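First up is the structure itself, then whatever we jot down about it.
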Amino acid sequence: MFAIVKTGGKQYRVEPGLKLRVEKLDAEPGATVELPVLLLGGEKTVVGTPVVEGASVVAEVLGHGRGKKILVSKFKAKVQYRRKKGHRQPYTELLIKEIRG
Amino acid sequence: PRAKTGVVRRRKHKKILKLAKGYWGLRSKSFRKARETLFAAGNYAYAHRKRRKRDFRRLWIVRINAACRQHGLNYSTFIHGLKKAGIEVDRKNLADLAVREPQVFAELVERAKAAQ
Amino acid sequence: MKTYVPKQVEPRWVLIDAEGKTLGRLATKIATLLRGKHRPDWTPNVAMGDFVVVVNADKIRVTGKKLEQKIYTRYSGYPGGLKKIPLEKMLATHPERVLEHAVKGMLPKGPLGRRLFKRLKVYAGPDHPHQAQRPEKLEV
Amino acid sequence: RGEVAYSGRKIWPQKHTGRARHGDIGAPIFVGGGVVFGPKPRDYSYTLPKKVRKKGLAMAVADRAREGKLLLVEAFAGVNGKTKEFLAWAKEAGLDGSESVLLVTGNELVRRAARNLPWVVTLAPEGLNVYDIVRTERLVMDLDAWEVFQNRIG
Amino acid sequence: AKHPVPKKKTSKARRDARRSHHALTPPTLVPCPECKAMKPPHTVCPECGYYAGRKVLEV
Amino acid sequence: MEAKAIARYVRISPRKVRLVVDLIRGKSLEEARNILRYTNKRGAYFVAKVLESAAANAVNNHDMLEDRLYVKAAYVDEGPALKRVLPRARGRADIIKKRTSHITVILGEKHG
RNA sequence: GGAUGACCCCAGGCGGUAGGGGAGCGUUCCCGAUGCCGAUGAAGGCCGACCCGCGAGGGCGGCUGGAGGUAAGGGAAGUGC
RNA sequence: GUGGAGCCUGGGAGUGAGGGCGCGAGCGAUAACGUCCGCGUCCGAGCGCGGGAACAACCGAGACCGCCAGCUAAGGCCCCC
RNA sequence: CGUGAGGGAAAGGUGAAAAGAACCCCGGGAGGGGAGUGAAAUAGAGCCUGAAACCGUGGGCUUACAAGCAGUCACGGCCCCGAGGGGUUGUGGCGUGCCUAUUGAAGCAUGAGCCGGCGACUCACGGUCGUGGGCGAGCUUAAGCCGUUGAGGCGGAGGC
Ligand SMILES: CN(CC(=O)O)NC(=O)C[C@H](N)C[C@@H](O)CN
Ligand SMILES: [Mg+2]
Ligand SMILES: [Mg+2]
Ligand SMILES: [Mg+2]
Ligand SMILES: [Mg+2]
Ligand SMILES: [Mg+2]
Ligand SMILES: [Mg+2]
Ligand SMILES: [Mg+2]
Ligand SMILES: [Mg+2]
Ligand SMILES: [Mg+2]
Ligand SMILES: [Mg+2]
Ligand SMILES: [Mg+2]
Ligand SMILES: [Mg+2]
Ligand SMILES: [Mg+2]
Ligand SMILES: [Mg+2]
Ligand SMILES: [Mg+2]
Ligand SMILES: [Mg+2]
Ligand SMILES: [Mg+2]
Ligand SMILES: [Mg+2]
Ligand SMILES: [Mg+2]
Ligand SMILES: [Mg+2]
Ligand SMILES: [Mg+2]
Ligand SMILES: [Mg+2]
Ligand SMILES: [Mg+2]
Ligand SMILES: [Mg+2]
Ligand SMILES: [Mg+2]
Ligand SMILES: [Mg+2]
Ligand SMILES: [Mg+2]
Ligand SMILES: [Mg+2]
Ligand SMILES: [Mg+2]
Ligand SMILES: [Mg+2]
Ligand SMILES: [Mg+2]
Ligand SMILES: [Mg+2]
Ligand SMILES: [Mg+2]
Ligand SMILES: [Mg+2]
Ligand SMILES: [Mg+2]
Ligand SMILES: [Mg+2]
Ligand SMILES: [Mg+2]
Ligand SMILES: [Mg+2]
Ligand SMILES: [Mg+2]
Ligand SMILES: [Mg+2]
Ligand SMILES: [Mg+2]
Ligand SMILES: [Mg+2]
Ligand SMILES: [Mg+2]
Ligand SMILES: [Mg+2]
Ligand SMILES: [Mg+2]
Ligand SMILES: [Mg+2]
Ligand SMILES: [Mg+2]
Ligand SMILES: [Mg+2]
Ligand SMILES: [Mg+2]
Ligand SMILES: [Mg+2]
Ligand SMILES: [Mg+2]
Ligand SMILES: [Mg+2]
Ligand SMILES: [Mg+2]
Ligand SMILES: [Mg+2]
Ligand SMILES: [Mg+2]
Ligand SMILES: [Mg+2]
Ligand SMILES: [Mg+2]
Ligand SMILES: [Mg+2]
Ligand SMILES: [Mg+2]
Ligand SMILES: [Mg+2]
Ligand SMILES: [Mg+2]
Ligand SMILES: [Mg+2]
Ligand SMILES: [Mg+2]
Ligand SMILES: [Mg+2]
Ligand SMILES: [Mg+2]
Ligand SMILES: [Mg+2]
Ligand SMILES: [Mg+2]
Ligand SMILES: [Mg+2]
Ligand SMILES: [Mg+2]
Ligand SMILES: [Mg+2]
Ligand SMILES: [Mg+2]
Ligand SMILES: [Mg+2]
Ligand SMILES: [Mg+2]
Ligand SMILES: [Mg+2]
Ligand SMILES: [Mg+2]
Ligand SMILES: [Mg+2]
Ligand SMILES: [Mg+2]
Ligand SMILES: [Mg+2]
Ligand SMILES: [Mg+2]
Ligand SMILES: [Mg+2]
Ligand SMILES: [Mg+2]
Ligand SMILES: [Mg+2]
Ligand SMILES: [Mg+2]
Ligand SMILES: [Mg+2]
Ligand SMILES: [Mg+2]
Ligand SMILES: [Mg+2]
Ligand SMILES: [Mg+2]
Ligand SMILES: [Mg+2]
Ligand SMILES: [Mg+2]
Ligand SMILES: [Mg+2]
Ligand SMILES: [Mg+2]
Ligand SMILES: [Mg+2]
Ligand SMILES: [Mg+2]
Ligand SMILES: [Mg+2]
Ligand SMILES: [Mg+2]
Ligand SMILES: [Mg+2]
Ligand SMILES: [Mg+2]
Ligand SMILES: [Mg+2]
Ligand SMILES: [Mg+2]
Ligand SMILES: [Mg+2]
Ligand SMILES: [Mg+2]
Ligand SMILES: [Mg+2]
Ligand SMILES: [Mg+2]
Ligand SMILES: [Mg+2]
Ligand SMILES: [Mg+2]
Ligand SMILES: [Mg+2]
Ligand SMILES: [Mg+2]
Ligand SMILES: [Mg+2]
Ligand SMILES: [Mg+2]
Ligand SMILES: [Mg+2]
Ligand SMILES: [Mg+2]
Ligand SMILES: [Mg+2]
Ligand SMILES: [Mg+2]
Ligand SMILES: [Mg+2]
Ligand SMILES: [Mg+2]
Ligand SMILES: [Mg+2]
Ligand SMILES: [Mg+2]
Ligand SMILES: [Mg+2]
Ligand SMILES: [Mg+2]
Ligand SMILES: [Mg+2]
Ligand SMILES: [Mg+2]
Ligand SMILES: [Mg+2]
Ligand SMILES: [Mg+2]
Ligand SMILES: [Mg+2]
Ligand SMILES: [Mg+2]
Ligand SMILES: [Mg+2]
Ligand SMILES: [Mg+2]
Ligand SMILES: [Mg+2]
Ligand SMILES: [Mg+2]
Ligand SMILES: [Mg+2]
Ligand SMILES: [Mg+2]
Ligand SMILES: [Mg+2]
Ligand SMILES: [Mg+2]
Ligand SMILES: [Mg+2]
Ligand SMILES: [Mg+2]
Ligand SMILES: [Mg+2]
Ligand SMILES: [Mg+2]
Ligand SMILES: [Mg+2]
Ligand SMILES: [Mg+2]
Ligand SMILES: [Mg+2]
Ligand SMILES: [Mg+2]
Ligand SMILES: [Mg+2]
Ligand SMILES: [Mg+2]
Ligand SMILES: [Mg+2]
Ligand SMILES: [Mg+2]
Ligand SMILES: [Mg+2]
Ligand SMILES: [Mg+2]
Ligand SMILES: [Mg+2]
Ligand SMILES: [Mg+2]
Ligand SMILES: [Mg+2]
Ligand SMILES: [Mg+2]
Ligand SMILES: [Mg+2]
Ligand SMILES: [Mg+2]
Ligand SMILES: [Mg+2]
Ligand SMILES: [Mg+2]
Ligand SMILES: [Mg+2]
Ligand SMILES: [Mg+2]
Ligand SMILES: [Mg+2]
Ligand SMILES: [Mg+2]
Ligand SMILES: [Mg+2]
Ligand SMILES: [Mg+2]
Ligand SMILES: [Mg+2]
Ligand SMILES: [Zn+2]
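As they're listed, the protein sequences go chains BV, BU, BN, BF, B5 and BW. For the first sequence, PDB author numbering begins at 1 and goes up steadily by one. For the second sequence, PDB author numbering begins at 2 and goes up steadily by one. For the third sequence, PDB author numbering begins at 1 and goes up steadily by one. For the fourth sequence, PDB author numbering begins at 54 and goes up steadily by one. For the fifth sequence, PDB author numbering begins at 2 and goes up steadily by one. For the sixth sequence, PDB author numbering begins at 1 and goes up steadily by one.
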């Protein structure tokens, strides 16, 4: 039994036990959150329209992190334009606990 | 007082050479050639970060389209189907379903067909 | 989650009878088969397409006056070395080359696209030698 | 480039040698050549307003006074020029060397005595200045010194 | 002529690939049947002076 | 166990000696001696002395067996070049580099 | 909003050459310093897949090195290729 | 009409070779990737992005950073794509 | 170097101490291998540190049907470190060096072989805005003088 959830403007296939890094959630570590459900699959197949009404995915927030640094660098030739920016995308790491429905 | 270059320029040059590790020939050995390679490298990364989002979507779309034609329709009809149905599963997850969960994908085709 | 990539699969051999089919309109599909784009696990950087056997390549069909007017062209590298061969003669001398040239042009360029062309087995005449890999007939 | 030992000769022709154009080797583009805007003998002094230094001098003493770090004395007991004598006295006055002291007195014997102490800067009163007051954690002054100070900010 | 000149410095790779043909081949040697020492075939043996089974040369 | 000899500052251009050294690398001491003896190169003289000196070190200083010695590693590094003036036409002076080699032979024992 | 920069919320802006403005980083030197770090290893060098910083950078750790180095805060320039 | 509007005083500029395109003319031959003005635009400085096979200025559109999410624009939807 | 007037370099560092390596070994020598000294000998005199270009030896990965500003995004493979990472790169996507000068350059327009070091907006005095403070119908001293020996004060001539 898996579920297609939506968080951070993206969608994910989750199953209980799965560790998932998502866009940063405003939630203290240790807490639990309920994710919207777009689809259920495995033994039952229930299709959200767009999200199925009674369903949620319980996920424990393991904690919040910052991604490995990406160097975003801009260069324009013959114009002496150079920009060096370090980006570290913030994220939340979730432990998928259970799929309700 | 006198503030000669001393230690500084070498260190900046090392920062750049290290970034250029792996590059061919002087592009990893010459500070200048390394510098230049990195300019291109930096823009390419930027361009391709943006272009990756497009690449994967086009990949998903081809996979979805193949899976659709197995069930008698094409991609465009199917997507109009999910739309009219108000099914919002994205191409990333649609494509996963089309490979890992053919039965679930089959269901969505039905709904898509039904919606029009 | 990351997008699925298939671990290597056994390639499916396929059989097409080209008789009376339109050259370009058949090539399209062979090209698509060759790329394996009909496969939901399609991956652009590996060869997971079908092997395609084609028989009766000599009996492929063509509209308008292309039998006399469609001219295949080869350049030898030498001064004046542009050779011109009409569909008529190409069919009357190397009929399999007609469909091969069509499919090849509709394949991607590069190493992979070159390999994919080797997975194309075209034959003038009703028979083929790949009875061993037991090609599944395809209606197209 | 004009103060450097070299000749003013153009080292090679302007054109047709296939080399960069140059003049003399005293030019700063040359190793060994002159320096372009390097230091020259310079006078960093300037006339800070008398009122400002007067005010600062006043405010510096005031700051120590405001912390109770200012001490005036009538005289210096058995200190007659020996460092060990000043040590004795200093002990009694609560100066154990735990803090730096600006010792301001017109008494030459006393200055001689405290002078070699690492924690004591020593001064004649006519030399009271705010740098030395701020450097030091404590201001210790002759009553005689205190007067000239008062006259000074008068 | 007009003094042709290299247009680009040869890269280490291009330089080193030219020399892919420069390895010496080791001297071809056979044991002298008399003294068993190694020497080039078809030469009087410099070790014992024998050739064709007879002594030809002082050594 | 290894035994090494280095002939430093040999007045021969590294590239040319390396040719000869390349021939004996990984060879038995005896084969290397034979190869060197009939190598038609100036360099074979120098490599031979280093080979031979490395052998002696093995035997005399390092409790190694002559019948067991092989060329474990061998290489030529550049020493400081002797720069010399080569007079040319039209008043021009080139600088010839009479190059210099550090020749190293390292012997190991092939057991059995 | 709190109550004057504490952070938080809302909204809107944020392509850029000549150029204007702003905030910073680093180098040498001075005060801080009769101080402090230092052979249980200074500076420098070589690594690092680690930490902080948007960045210039700063840390930290390992190796080298062998005797110097120098804070918070200010000051001055032969200050960054 | 509250806008990186406007007005006033003062500080610092840079610029004073433009160019394509549309339209209005002149010159030219109802020639020129011509030339010279007017209005506008874009490139210049947006040789950043999509389309136009490729292509500064044509069509689309003004790139703060990230996303393996969504909708569209021009242009597309036989295969290369 | 120049007939000459004249031009005019480069070149510093063992170690606390020579204790500067007896003697043995290979070698004609040079050089090296042991031995010995030393805290240290990759401090051994070609001697403190010992960067980079550059050259080489060993290993890991890769490469002989492939089309290129050499990268970059993706995936897979192999190797290494111990749901992660590092190295490598097979295939796929995308992709017109840097600087300068230009209306416009990847441009077949300039400069640059590569690396290291030197290398260009400063100071004085005036001016003019702005600004941080002092004093304010007033503000301020200059030269000198006394003092100090990194102490400051006096000095009103004069200037505004
Ligand atoms: C022969 N190989 C290797 C090569 O040419 O570099 N060719 C390729 O890998 C073709 C490939 N399309 C190169 C791209 O992967 C480069 N990003
Ligand atoms: Mg986030
Ligand atoms: Mg970037
Ligand atoms: Mg460019
Ligand atoms: Mg530029
Ligand atoms: Mg450029
Ligand atoms: Mg330009
Ligand atoms: Mg630039
Ligand atoms: Mg930034
Ligand atoms: Mg994330
Ligand atoms: Mg400098
Ligand atoms: Mg320096
Ligand atoms: Mg430097
Ligand atoms: Mg360094
Ligand atoms: Mg490198
Ligand atoms: Mg590489
Ligand atoms: Mg290169
Ligand atoms: Mg290299
Ligand atoms: Mg190379
Ligand atoms: Mg190198
Ligand atoms: Mg860049
Ligand atoms: Mg990007
Ligand atoms: Mg892009
Ligand atoms: Mg998009
Ligand atoms: Mg498809
Ligand atoms: Mg829609
Ligand atoms: Mg959708
Ligand atoms: Mg499966
Ligand atoms: Mg057909
Ligand atoms: Mg395929
Ligand atoms: Mg394909
Ligand atoms: Mg036809
Ligand atoms: Mg016909
Ligand atoms: Mg012709
Ligand atoms: Mg002179
Ligand atoms: Mg002189
Ligand atoms: Mg002169
Ligand atoms: Mg002169
Ligand atoms: Mg002269
Ligand atoms: Mg003259
Ligand atoms: Mg000239
Ligand atoms: Mg030249
Ligand atoms: Mg020159
Ligand atoms: Mg030159
Ligand atoms: Mg000249
Ligand atoms: Mg000159
Ligand atoms: Mg001069
Ligand atoms: Mg000088
Ligand atoms: Mg000189
Ligand atoms: Mg004292
Ligand atoms: Mg003190
Ligand atoms: Mg003092
Ligand atoms: Mg001729
Ligand atoms: Mg000629
Ligand atoms: Mg001639
Ligand atoms: Mg010639
Ligand atoms: Mg090489
Ligand atoms: Mg070559
Ligand atoms: Mg060879
Ligand atoms: Mg030979
Ligand atoms: Mg021997
Ligand atoms: Mg040499
Ligand atoms: Mg000659
Ligand atoms: Mg002559
Ligand atoms: Mg030369
Ligand atoms: Mg040369
Ligand atoms: Mg030479
Ligand atoms: Mg821009
Ligand atoms: Mg901006
Ligand atoms: Mg600074
Ligand atoms: Mg001090
Ligand atoms: Mg201590
Ligand atoms: Mg010790
Ligand atoms: Mg240590
Ligand atoms: Mg220093
Ligand atoms: Mg420092
Ligand atoms: Mg650092
Ligand atoms: Mg360290
Ligand atoms: Mg260190
Ligand atoms: Mg000392
Ligand atoms: Mg300091
Ligand atoms: Mg500070
Ligand atoms: Mg200060
Ligand atoms: Mg100064
Ligand atoms: Mg300078
Ligand atoms: Mg340089
Ligand atoms: Mg504006
Ligand atoms: Mg404006
Ligand atoms: Mg201004
Ligand atoms: Mg002007
Ligand atoms: Mg101008
Ligand atoms: Mg003008
Ligand atoms: Mg003009
Ligand atoms: Mg105009
Ligand atoms: Mg204009
Ligand atoms: Mg004009
Ligand atoms: Mg215009
Ligand atoms: Mg026009
Ligand atoms: Mg029109
Ligand atoms: Mg007109
Ligand atoms: Mg024009
Ligand atoms: Mg016109
Ligand atoms: Mg016209
Ligand atoms: Mg311009
Ligand atoms: Mg554009
Ligand atoms: Mg614009
Ligand atoms: Mg272009
Ligand atoms: Mg475009
Ligand atoms: Mg385009
Ligand atoms: Mg264009
Ligand atoms: Mg044009
Ligand atoms: Mg914007
Ligand atoms: Mg925006
Ligand atoms: Mg849509
Ligand atoms: Mg449309
Ligand atoms: Mg398609
Ligand atoms: Mg395209
Ligand atoms: Mg003479
Ligand atoms: Mg000198
Ligand atoms: Mg010494
Ligand atoms: Mg000494
Ligand atoms: Mg002896
Ligand atoms: Mg002897
Ligand atoms: Mg000797
Ligand atoms: Mg030896
Ligand atoms: Mg020795
Ligand atoms: Mg010892
Ligand atoms: Mg020790
Ligand atoms: Mg060392
Ligand atoms: Mg050394
Ligand atoms: Mg040492
Ligand atoms: Mg040296
Ligand atoms: Mg030393
Ligand atoms: Mg190299
Ligand atoms: Mg190697
Ligand atoms: Mg082929
Ligand atoms: Mg191959
Ligand atoms: Mg290319
Ligand atoms: Mg490549
Ligand atoms: Mg992919
Ligand atoms: Mg890996
Ligand atoms: Mg990889
Ligand atoms: Mg494209
Ligand atoms: Mg390509
Ligand atoms: Mg120009
Ligand atoms: Mg021009
Ligand atoms: Mg022009
Ligand atoms: Mg080019
Ligand atoms: Mg070119
Ligand atoms: Mg030219
Ligand atoms: Mg060029
Ligand atoms: Mg020019
Ligand atoms: Mg230039
Ligand atoms: Mg040159
Ligand atoms: Mg180089
Ligand atoms: Mg200025
Ligand atoms: Mg100056
Ligand atoms: Mg001024
Ligand atoms: Mg001023
Ligand atoms: Mg002022
Ligand atoms: Mg007031
Ligand atoms: Mg007054
Ligand atoms: Mg008077
Ligand atoms: Zn013999």
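In this text, a Cβ means the ideal position worked out from N, Cα and C, and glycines have one as well.
Would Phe40 (chain BU) pass as an interface residue toward chain BV - the criterion being a Cβ-Cβ separation below 8 Å?
For the purposes of this step, residue 40 (chain BU) is taken as residue 39 along the second sequence, with counting starting at 1. So yes, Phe40 (chain BU) belongs to the interface.
Does the distance from the C-beta atom of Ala118 (chain BF) to that of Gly159 (chain BF) stay below 8 Å?
The residue labelled residue 118 (chain BF) in the question sits at position 65 within the fourth sequence. The residue labelled residue 159 (chain BF) in the question sits at position 106 within the fourth sequence. Taking 8 Å as the Cβ cut-off, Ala118 (chain BF) and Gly159 (chain BF) do not qualify as a contacting pair.
Could you tell me which of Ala42 (chain BU), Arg11 (chain BU), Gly7 (chain BU), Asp91 (chain BU) sits nearest to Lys22 (chain BU), measuring between CA atoms?
Along the second sequence, one-based indexing puts residue 22 (chain BU) at 21. Measuring from the Cα of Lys22 (chain BU), the nearest candidate turns out to be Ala42 (chain BU).
For a contact meaning CB atoms closer than 9 Å, what does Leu94 (chain BV) contact in chain BU?
Walking along the first sequence from the start, residue 94 (chain BV) turns up at place 94. Going along chain BU, no residue has its Cβ under 9 Å from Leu94 (chain BV), so there is no contact; the nearest lies around 17 Å.
Buried or exposed: where does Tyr45 (chain BU) fall if 16 or more other Cβ atoms within 10 Å of its Cβ makes it buried?
On the second sequence, position 44 is the one that residue 45 (chain BU) refers to. Flag for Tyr45 (chain BU) reads exposed.
Is the segment 8 to 19 of chain BN touching the segment 56 to 67 of chain BN, taking contact as three or more C-beta pairs under 8 Å?
Counting Cβ pairs under 8 Å, three or more are found: they touch.
Thinking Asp41 (chain BN) and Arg12 (chain BN) are a contact (beta carbons under 8 Å), I'd like their distance in whole angstroms, please.
What you label residue 41 (chain BN) is simply residue 41 of the third sequence in a count that begins at 1. What you label residue 12 (chain BN) is simply residue 12 of the third sequence in a count that begins at 1. Contact doesn't hold; Cβ gap of about 12 Å is too wide.
Starting from the beta carbon of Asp22 (chain BW), find every residue of chain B5 whose beta carbon is closer than 8 Å, and list them in chain order.
On the sixth sequence, position 22 is the one that residue 22 (chain BW) refers to. Within chain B5, the residues near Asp22 (chain BW) are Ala24, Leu25.
Helix, strand or coil: which one does DSSP assign to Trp142 (chain BF)?
As a position in the fourth sequence, residue 142 (chain BF) is number 89, starting the count at 1. Three-state result, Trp142 (chain BF): helix.
Counting only beta-carbon separations shorter than 8 Å, does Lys29 (chain BN) have a partner in chain BU?
Translated into the one-based positions of the third sequence, residue 29 (chain BN) becomes position 29. Chain BU contact via Cβ: absent.
Any Cβ of chain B5 within less than 8 Å of the Cβ of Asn34 (chain BW)?
Within the sixth sequence, numbered from 1, the residue matching residue 34 (chain BW) stands at position 34. Closer than 8 Å to some Cβ of chain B5, the Cβ of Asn34 (chain BW) qualifies, so yes.
Taking 8 Å as the limit between beta carbons, can you name the residues of its chain near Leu39 (chain BU), skipping five residues before and five after?
Here residue 39 (chain BU) refers to the residue found at position 38 when the second sequence is read from its first residue. Excluding positions up to five away in sequence, the list reads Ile17, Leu20, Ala21.
Go to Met1 (chain BV), then tell me how far its alpha helix (DSSP H) extends in each direction, as first and last residue.
What you label residue 1 (chain BV) is simply residue 1 of the first sequence in a count that begins at 1. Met1 (chain BV) -> no alpha helix (DSSP H), and no H or E assigned at all.
Is any beta-carbon of chain BU found at less than 8 Å from that of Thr49 (chain BV)?
Indexing the first sequence from 1 puts residue 49 (chain BV) at position 49. So, interface residue.
Following the continuous alpha helix (DSSP H) through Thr28 (chain BN), name the residue where it begins and the one where it ends.
Walking along the third sequence from the start, residue 28 (chain BN) turns up at place 28. Taken as a continuous stretch (DSSP letters only), the alpha helix (DSSP H) holding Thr28 (chain BN) covers 23 to 35.
Based on the DSSP secondary-structure assignment, which residues constitute the bridge partners of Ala124 (chain BN)?
By one-based count along the third sequence, residue 124 (chain BN) stands at place 124. In the DSSP output, where bridge partners are listed per residue, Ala124 (chain BN) has none listed.
Within the continuous beta strand (DSSP E) that includes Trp13 (chain BN), where are the two ends?
Walking along the third sequence from the start, residue 13 (chain BN) turns up at place 13. Element bounds for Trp13 (chain BN): 13 to 17.
Measure from the C-beta of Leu58 (chain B5) to each C-beta in chain BW and report whether the shortest distance is under 8 Å.
Here residue 58 (chain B5) is taken as the residue at index 57 of the fifth sequence, counted from 1. Cβ-Cβ to chain BW under 8 Å: no for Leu58 (chain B5).
So the alpha helix (DSSP H) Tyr47 (chain BU) belongs to, where does it begin and stop?
Taking the first residue of the second sequence as position 1, residue 47 (chain BU) is located at position 46. 32 to 71 is the span of the alpha helix (DSSP H), which, as asked, contains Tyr47 (chain BU).
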